[PDB]
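So this one's data00.pdb, PDB, C-alpha atoms and all ligand atoms:
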```pdb
ATOM      1  CA  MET A   1     -21.013   3.991   6.849
ATOM      2  CA  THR A   2     -19.149   2.546   3.876
ATOM      3  CA  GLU A   3     -16.045   0.624   4.974
ATOM      4  CA  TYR A   4     -12.990  -0.223   2.892
ATOM      5  CA  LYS A   5     -10.443  -2.972   3.581
ATOM      6  CA  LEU A   6      -6.994  -1.939   2.350
ATOM      7  CA  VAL A   7      -3.714  -3.880   2.513
ATOM      8  CA  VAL A   8      -0.221  -2.379   2.221
ATOM      9  CA  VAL A   9       2.371  -4.805   0.839
ATOM     10  CA  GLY A  10       5.987  -4.511  -0.244
ATOM     11  CA  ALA A  11       9.495  -5.338   0.789
ATOM     12  CA  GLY A  12      10.590  -4.644   4.313
ATOM     13  CA  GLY A  13      11.976  -1.125   4.659
ATOM     14  CA  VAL A  14      10.030   0.571   1.895
ATOM     15  CA  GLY A  15       7.872   2.639   4.259
ATOM     16  CA  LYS A  16       4.627   0.688   4.639
ATOM     17  CA  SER A  17       4.356   1.412   8.335
ATOM     18  CA  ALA A  18       5.459   5.026   7.882
ATOM     19  CA  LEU A  19       2.876   5.522   5.136
ATOM     20  CA  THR A  20       0.060   3.947   7.140
ATOM     21  CA  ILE A  21       0.907   5.782  10.345
ATOM     22  CA  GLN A  22       1.186   9.019   8.374
ATOM     23  CA  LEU A  23      -2.282   8.516   6.892
ATOM     24  CA  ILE A  24      -3.940   7.358  10.102
ATOM     25  CA  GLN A  25      -2.192   9.591  12.592
ATOM     26  CA  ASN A  26      -0.575  12.453  10.626
ATOM     27  CA  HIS A  27       2.830  11.651  12.165
ATOM     28  CA  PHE A  28       6.015  10.484  10.447
ATOM     29  CA  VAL A  29       7.547   7.597  12.412
ATOM     30  CA  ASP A  30      11.199   6.783  11.739
ATOM     31  CA  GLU A  31      11.427   3.896  14.249
ATOM     32  CA  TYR A  32       8.649   1.332  13.825
ATOM     33  CA  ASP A  33       9.444  -2.328  14.539
ATOM     34  CA  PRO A  34       9.553  -3.959  11.102
ATOM     35  CA  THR A  35       8.207  -7.225  12.531
ATOM     36  CA  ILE A  36       4.893  -5.677  13.661
ATOM     37  CA  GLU A  37       1.857  -6.489  11.532
ATOM     38  CA  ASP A  38      -1.187  -4.466  12.504
ATOM     39  CA  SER A  39      -4.573  -3.211  11.349
ATOM     40  CA  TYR A  40      -5.285   0.516  11.452
ATOM     41  CA  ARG A  41      -8.523   2.481  11.285
ATOM     42  CA  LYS A  42      -9.603   6.012  10.451
ATOM     43  CA  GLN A  43     -12.776   7.804   9.440
ATOM     44  CA  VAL A  44     -12.102  10.024   6.422
ATOM     45  CA  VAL A  45     -14.098  12.017   3.885
ATOM     46  CA  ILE A  46     -13.473  11.050   0.256
ATOM     47  CA  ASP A  47     -15.363  13.004  -2.407
ATOM     48  CA  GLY A  48     -17.770  14.330   0.193
ATOM     49  CA  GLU A  49     -18.625  10.907   1.626
ATOM     50  CA  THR A  50     -17.554   9.810   5.095
ATOM     51  CA  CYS A  51     -16.055   6.355   5.083
ATOM     52  CA  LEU A  52     -14.149   4.019   7.362
ATOM     53  CA  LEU A  53     -10.719   2.813   6.240
ATOM     54  CA  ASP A  54      -9.368  -0.436   7.670
ATOM     55  CA  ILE A  55      -5.711  -0.805   6.725
ATOM     56  CA  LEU A  56      -3.404  -3.786   7.209
ATOM     57  CA  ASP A  57       0.279  -2.839   7.468
ATOM     58  CA  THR A  58       2.258  -5.985   6.807
ATOM     59  CA  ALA A  59       5.341  -7.607   8.356
ATOM     60  CA  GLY A  60       7.590  -9.947   6.385
ATOM     61  CA  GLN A  61       7.406 -12.939   8.687
ATOM     62  CA  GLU A  62       3.595 -13.172   8.272
ATOM     63  CA  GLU A  63       3.672 -13.349   4.473
ATOM     64  CA  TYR A  64       2.497 -16.974   4.228
ATOM     65  CA  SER A  65       0.574 -17.146   7.506
ATOM     66  CA  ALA A  66      -3.009 -18.337   7.640
ATOM     67  CA  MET A  67      -4.106 -15.093   9.276
ATOM     68  CA  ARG A  68      -2.413 -13.049   6.561
ATOM     69  CA  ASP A  69      -4.263 -15.148   3.996
ATOM     70  CA  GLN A  70      -7.562 -14.352   5.723
ATOM     71  CA  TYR A  71      -6.857 -10.632   5.553
ATOM     72  CA  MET A  72      -5.707 -10.904   1.927
ATOM     73  CA  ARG A  73      -8.840 -12.790   0.836
ATOM     74  CA  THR A  74     -11.106 -10.242   2.520
ATOM     75  CA  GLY A  75      -8.930  -7.295   1.506
ATOM     76  CA  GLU A  76     -10.518  -5.133  -1.174
ATOM     77  CA  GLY A  77      -7.580  -3.042  -2.381
ATOM     78  CA  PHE A  78      -3.815  -3.251  -2.230
ATOM     79  CA  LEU A  79      -0.987  -0.752  -2.164
ATOM     80  CA  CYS A  80       2.136  -2.293  -3.644
ATOM     81  CA  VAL A  81       4.965  -0.181  -2.238
ATOM     82  CA  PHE A  82       8.607   0.157  -3.201
ATOM     83  CA  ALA A  83      11.140   2.841  -2.315
ATOM     84  CA  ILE A  84      12.469   5.042  -5.123
ATOM     85  CA  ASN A  85      15.986   4.730  -3.646
ATOM     86  CA  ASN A  86      15.948   0.913  -3.471
ATOM     87  CA  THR A  87      16.009  -1.000  -6.739
ATOM     88  CA  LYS A  88      15.576  -4.359  -5.018
ATOM     89  CA  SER A  89      12.257  -3.222  -3.551
ATOM     90  CA  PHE A  90      11.113  -2.244  -7.041
ATOM     91  CA  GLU A  91      12.294  -5.559  -8.455
ATOM     92  CA  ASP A  92      10.182  -7.304  -5.792
ATOM     93  CA  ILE A  93       6.915  -5.666  -6.855
ATOM     94  CA  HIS A  94       5.938  -8.492  -9.186
ATOM     95  CA  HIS A  95       6.141 -10.958  -6.302
ATOM     96  CA  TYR A  96       3.629  -9.021  -4.224
ATOM     97  CA  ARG A  97       1.332  -8.427  -7.179
ATOM     98  CA  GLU A  98       1.433 -12.110  -8.094
ATOM     99  CA  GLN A  99       0.470 -13.087  -4.539
ATOM    100  CA  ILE A 100      -2.543 -10.746  -4.641
ATOM    101  CA  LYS A 101      -3.855 -12.163  -7.914
ATOM    102  CA  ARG A 102      -3.423 -15.669  -6.507
ATOM    103  CA  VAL A 103      -5.186 -15.050  -3.191
ATOM    104  CA  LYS A 104      -8.045 -13.173  -4.882
ATOM    105  CA  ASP A 105      -8.186 -15.521  -7.913
ATOM    106  CA  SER A 106      -8.881 -12.507 -10.084
ATOM    107  CA  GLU A 107      -7.261 -10.170 -12.571
ATOM    108  CA  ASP A 108      -9.695  -7.393 -11.591
ATOM    109  CA  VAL A 109      -8.268  -6.384  -8.209
ATOM    110  CA  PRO A 110      -8.030  -2.738  -7.076
ATOM    111  CA  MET A 111      -4.370  -1.879  -6.657
ATOM    112  CA  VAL A 112      -1.986   1.076  -6.774
ATOM    113  CA  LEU A 113       1.754   1.026  -7.309
ATOM    114  CA  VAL A 114       3.398   3.338  -4.785
ATOM    115  CA  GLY A 115       6.873   4.765  -5.129
ATOM    116  CA  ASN A 116       7.755   5.938  -1.644
ATOM    117  CA  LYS A 117      10.623   7.992  -0.164
ATOM    118  CA  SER A 118      10.224  10.566  -2.946
ATOM    119  CA  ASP A 119      11.843  13.213  -0.756
ATOM    120  CA  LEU A 120      15.193  11.380  -0.905
ATOM    121  CA  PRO A 121      17.571  12.585  -3.643
ATOM    122  CA  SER A 122      19.554   9.324  -4.095
ATOM    123  CA  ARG A 123      17.040   7.897  -6.553
ATOM    124  CA  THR A 124      17.658   4.588  -8.263
ATOM    125  CA  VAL A 125      14.230   3.878  -9.852
ATOM    126  CA  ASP A 126      12.922   6.210 -12.539
ATOM    127  CA  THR A 127       9.329   7.380 -12.547
ATOM    128  CA  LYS A 128       9.149   6.290 -16.193
ATOM    129  CA  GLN A 129      10.176   2.768 -15.121
ATOM    130  CA  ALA A 130       7.431   2.681 -12.488
ATOM    131  CA  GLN A 131       4.770   4.099 -14.811
ATOM    132  CA  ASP A 132       5.644   1.453 -17.407
ATOM    133  CA  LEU A 133       5.315  -1.234 -14.741
ATOM    134  CA  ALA A 134       2.044   0.269 -13.539
ATOM    135  CA  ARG A 135       0.763   0.408 -17.114
ATOM    136  CA  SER A 136       1.630  -3.256 -17.642
ATOM    137  CA  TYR A 137      -0.404  -4.124 -14.539
ATOM    138  CA  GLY A 138      -3.304  -1.838 -15.461
ATOM    139  CA  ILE A 139      -3.007   0.196 -12.262
ATOM    140  CA  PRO A 140      -2.120   3.761 -11.285
ATOM    141  CA  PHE A 141       1.307   4.819 -10.073
ATOM    142  CA  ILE A 142       1.481   7.313  -7.220
ATOM    143  CA  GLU A 143       4.640   8.910  -5.856
ATOM    144  CA  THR A 144       4.671   9.310  -2.090
ATOM    145  CA  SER A 145       6.713  10.539   0.822
ATOM    146  CA  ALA A 146       5.650   9.403   4.267
ATOM    147  CA  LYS A 147       7.996  12.094   5.631
ATOM    148  CA  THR A 148       6.584  15.127   3.814
ATOM    149  CA  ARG A 149       3.063  13.659   3.270
ATOM    150  CA  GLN A 150       3.493  14.059  -0.508
ATOM    151  CA  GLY A 151       0.966  11.855  -2.243
ATOM    152  CA  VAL A 152       0.050   9.907   0.895
ATOM    153  CA  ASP A 153      -3.635  10.812   0.800
ATOM    154  CA  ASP A 154      -3.666  10.467  -2.990
ATOM    155  CA  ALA A 155      -2.296   6.910  -2.783
ATOM    156  CA  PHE A 156      -4.887   5.629  -0.309
ATOM    157  CA  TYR A 157      -7.842   7.619  -1.655
ATOM    158  CA  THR A 158      -7.014   6.568  -5.221
ATOM    159  CA  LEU A 159      -7.186   2.978  -4.026
ATOM    160  CA  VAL A 160     -10.496   3.644  -2.251
ATOM    161  CA  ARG A 161     -11.925   5.177  -5.426
ATOM    162  CA  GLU A 162     -10.832   2.097  -7.380
ATOM    163  CA  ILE A 163     -12.634  -0.128  -4.868
ATOM    164  CA  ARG A 164     -15.663   2.188  -4.885
ATOM    165  CA  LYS A 165     -15.952   1.861  -8.659
ATOM    166  CA  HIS A 166     -15.161  -1.866  -8.577
ATOM    167  CA  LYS A 167     -18.170  -2.250  -6.280
TER     168      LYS A 167
HETATM  169  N1  LIG B 201      13.042   9.780   4.026
HETATM  170  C1  LIG B 201      12.010   8.919   4.102
HETATM  171  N2  LIG B 201      12.133   7.859   4.912
HETATM  172  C2  LIG B 201      11.109   7.000   4.991
HETATM  173  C3  LIG B 201       9.887   7.191   4.218
HETATM  174  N3  LIG B 201       9.079   6.173   4.528
HETATM  175  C4  LIG B 201       9.711   5.392   5.421
HETATM  176  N4  LIG B 201      10.932   5.886   5.674
HETATM  177  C5  LIG B 201      11.930   5.332   6.566
HETATM  178  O1  LIG B 201      12.307   4.022   6.095
HETATM  179  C6  LIG B 201      12.539   3.136   7.223
HETATM  180  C7  LIG B 201      11.599   1.962   7.087
HETATM  181  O2  LIG B 201      10.258   2.428   7.080
HETATM  182  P1  LIG B 201       9.103   1.463   7.617
HETATM  183  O3  LIG B 201       7.824   2.217   7.648
HETATM  184  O4  LIG B 201       9.597   0.754   8.871
HETATM  185  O5  LIG B 201       9.050   0.391   6.392
HETATM  186  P2  LIG B 201       8.238  -1.013   6.363
HETATM  187  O6  LIG B 201       9.268  -2.066   6.717
HETATM  188  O7  LIG B 201       7.776  -1.077   4.921
HETATM  189  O8  LIG B 201       7.116  -0.898   7.348
HETATM  190  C8  LIG B 201      12.320   3.991   8.462
HETATM  191  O9  LIG B 201      13.596   4.412   8.933
HETATM  192  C9  LIG B 201      11.477   5.179   8.026
HETATM  193  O10 LIG B 201      11.710   6.390   8.686
HETATM  194  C10 LIG B 201       9.825   8.371   3.362
HETATM  195  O11 LIG B 201       8.837   8.620   2.649
HETATM  196  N5  LIG B 201      10.909   9.173   3.367
HETATM  197  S1  LIG B 202      -8.216  -8.660  12.417
HETATM  198  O1  LIG B 202      -8.102  -8.676  13.878
HETATM  199  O2  LIG B 202      -8.877  -9.773  11.720
HETATM  200  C1  LIG B 202      -8.949  -7.103  11.881
HETATM  201  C2  LIG B 202      -8.722  -5.920  12.553
HETATM  202  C3  LIG B 202      -9.314  -4.754  12.094
HETATM  203  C4  LIG B 202     -10.113  -4.782  10.962
HETATM  204  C5  LIG B 202     -10.326  -5.975  10.302
HETATM  205  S2  LIG B 202     -11.368  -6.068   8.822
HETATM  206  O3  LIG B 202     -12.635  -6.718   9.139
HETATM  207  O4  LIG B 202     -11.767  -4.727   8.419
HETATM  208  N1  LIG B 202     -10.502  -6.961   7.627
HETATM  209  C6  LIG B 202      -9.419  -6.373   6.871
HETATM  210  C7  LIG B 202      -8.982  -6.996   5.722
HETATM  211  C8  LIG B 202      -7.953  -6.427   4.981
HETATM  212  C9  LIG B 202      -7.356  -5.257   5.408
HETATM  213  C10 LIG B 202      -7.791  -4.643   6.561
HETATM  214  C11 LIG B 202      -8.825  -5.193   7.291
HETATM  215  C12 LIG B 202      -9.751  -7.136  10.760
HETATM  216 MG    MG B 203       6.506  -1.982   9.023
END
```
Can the structure in the file be given as structure tokens, please?
Ligand SMILES: Nc1nc2c(ncn2[C@@H]2O[C@H](COP(=O)(O)OP(=O)(O)O)[C@@H](O)[C@H]2O)c(=O)[nH]1
Ligand SMILES: *S(=O)(=O)c1cccc(S(=O)(=O)Nc2ccccc2)c1
Ligand SMILES: [Mg+2]
Amino acid sequence: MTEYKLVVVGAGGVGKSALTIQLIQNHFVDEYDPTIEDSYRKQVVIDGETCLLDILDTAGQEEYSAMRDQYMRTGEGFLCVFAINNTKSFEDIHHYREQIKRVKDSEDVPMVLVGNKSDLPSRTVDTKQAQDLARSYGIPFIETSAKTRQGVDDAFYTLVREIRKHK
């Protein structure tokens, strides 16, 4: 069946592991070693079609590793994640997006900007700010909460649909 290679990038602490574990396993994890990089798998149905998702959840110390580069080159779509309560993580988005364009040597790369931790009231990044950034990159912006599951499926399936159309 059709397989999709997705990569979740963003500053440490933004919820990459929580988002991926929520999608794959339907559990919210509040204590996941931030140094663990791992690939996750799940069969899902998207628009009536069964497909296999392969998802790389990234750890900071592997950023410039050869193995990370292999996964990035073969990756087909990228979630760029920040937390809506952490301005620094939002400021960092350009760094992750720049690395993707470099490794793929392309402007036409499926990506979604993800604003996570939407269930937290102490917001510091406005949705309008993130939509403007998303617009400037030509990508969708999806609000998520790994805790409540808000937008989790939407974020990953939107990326899959982007890849599906890109193919
Ligand atoms: N309230 C809330 N906490 C979250 C959310 N996503 C992640 N977290 C928490 O943020 C911390 C870091 O998340 P983690 O998945 O380890 O981030 P990573 O470093 O990007 O993998 C953990 O304490 C998680 O419980 C969310 O959507 N809502
Ligand atoms: S890894 O051990 O090279 C690995 C584990 C599971 C799946 C894959 S993959 O062939 O599907 N490549 C990939 C690339 C980007 C994001 C996820 C998976 C590789
Ligand atoms: Mg993690």
List all protein, DNA and RNA residues that have at least one atom no more than 9 Å from any atom of ligand LIG 201 (chain B), counting all atoms listed in the file, and write them as an NGL selection string.
-> :A and (8-21 or 28-37 or 57-60 or 81-83 or 115-120 or 144-150)
Given the PyMOL selection byres (((not hetatm)) within 9 of (chain B and resi 202)), the residues it picks as a compact mmCIF listing (two decimals) with C-alpha atoms, in the coordinates of the input:
```
# COMPACT_ATOMS: atom_id res chain seq x y z
CA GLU A 3 -16.05 0.62 4.97
CA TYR A 4 -12.99 -0.22 2.89
CA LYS A 5 -10.44 -2.97 3.58
CA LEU A 6 -6.99 -1.94 2.35
CA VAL A 7 -3.71 -3.88 2.51
CA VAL A 8 -0.22 -2.38 2.22
CA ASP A 38 -1.19 -4.47 12.50
CA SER A 39 -4.57 -3.21 11.35
CA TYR A 40 -5.28 0.52 11.45
CA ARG A 41 -8.52 2.48 11.28
CA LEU A 53 -10.72 2.81 6.24
CA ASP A 54 -9.37 -0.44 7.67
CA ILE A 55 -5.71 -0.80 6.72
CA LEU A 56 -3.40 -3.79 7.21
CA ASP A 57 0.28 -2.84 7.47
CA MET A 67 -4.11 -15.09 9.28
CA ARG A 68 -2.41 -13.05 6.56
CA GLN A 70 -7.56 -14.35 5.72
CA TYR A 71 -6.86 -10.63 5.55
CA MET A 72 -5.71 -10.90 1.93
CA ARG A 73 -8.84 -12.79 0.84
CA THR A 74 -11.11 -10.24 2.52
CA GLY A 75 -8.93 -7.30 1.51
CA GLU A 76 -10.52 -5.13 -1.17
CA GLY A 77 -7.58 -3.04 -2.38
CA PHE A 78 -3.82 -3.25 -2.23
```
Can you sort out the box for region 130-148 of chain A, edges along x, y and z, all listed atoms in, 5 Å on every side, with centre and edge lengths in Å to one decimal, as lines of an AutoDock Vina configuration file?
```
center_x = 2.3
center_y = 5.5
center_z = -6.0
size_x = 21.3
size_y = 29.3
size_z = 33.3
```
CA of residue 135 (chain A) to CA of residue 44 (chain A), straight-line distance in Å = 28.5 Å
Result set, the PyMOL selection byres (((chain A and resi 166) around 9) and not hetatm) on current file, as a list in words =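 With the shown file as input, the PyMOL selection byres (((chain A and resi 166) around 9) and not hetatm) matches residues 108, 109, 110, 161, 162, 163, 164, 165 and 167 of chain A.
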Tell me, as a compact mmCIF listing (two decimals) with C-alpha atoms, in the frame of the given file, which residues lie within 12 Å of residue 98 (chain A), counting only C-alpha atoms; anything in the same chain fewer than 4 positions away does not count.
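To be explicit, this is the file written out as around-v4.txt:
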```
# COMPACT_ATOMS: atom_id res chain seq x y z
CA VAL A 9 2.37 -4.80 0.84
CA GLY A 10 5.99 -4.51 -0.24
CA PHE A 78 -3.82 -3.25 -2.23
CA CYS A 80 2.14 -2.29 -3.64
CA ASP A 92 10.18 -7.30 -5.79
CA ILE A 93 6.92 -5.67 -6.86
CA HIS A 94 5.94 -8.49 -9.19
CA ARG A 102 -3.42 -15.67 -6.51
CA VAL A 103 -5.19 -15.05 -3.19
CA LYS A 104 -8.04 -13.17 -4.88
CA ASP A 105 -8.19 -15.52 -7.91
CA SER A 106 -8.88 -12.51 -10.08
CA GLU A 107 -7.26 -10.17 -12.57
CA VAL A 109 -8.27 -6.38 -8.21
CA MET A 111 -4.37 -1.88 -6.66
CA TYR A 137 -0.40 -4.12 -14.54
```
Evaluate the PyMOL selection byres (((chain A and resi 124) around 8) and not hetatm) here and jot the selected residues down as number ranges by chain.
-> A: 84-87, 122-123, 125-126
Shell around region 45-49 of chain A at 12 Å using all atoms listed in the file, local window under 2 positions removed, as a PyMOL selection string | chain A and resi 1-4+42-43+51-53+153-154+156-161+164
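Closest approach to ligand MG 203 (chain B) among A:143, A:62, A:91, A:69: A:62, based on only C-alpha atoms and all ligand atoms.
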Tell me, in Å to one decimal, how far CA of residue 95 (chain A) is from CA of residue 142 (chain A).
->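 These two atoms are separated by 18.9 Å.
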Distance criterion (all atoms listed in the file): nearest to ligand MG 203 (chain B) out of A:136, A:127, A:61, A:99 |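 Using all atoms listed in the file, ligand MG 203 (chain B) sits closest to A:61.
Nearest to residue 141 (chain A) of all the residues A:96, A:114, A:66, A:121 is A:114, counting all atoms listed in the file.
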Please indicate the distance in Å from CA of residue 63 (chain A) to atom MG of ligand MG 203 (chain B), rounded to one decimal place.
-> 12.6 Å
Which residue, A:129, A:140, A:65, A:112, has the smallest gap to residue 90 (chain A) when you use all atoms listed in the file?
->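 Smallest separation from residue 90 (chain A) among the options: A:129.
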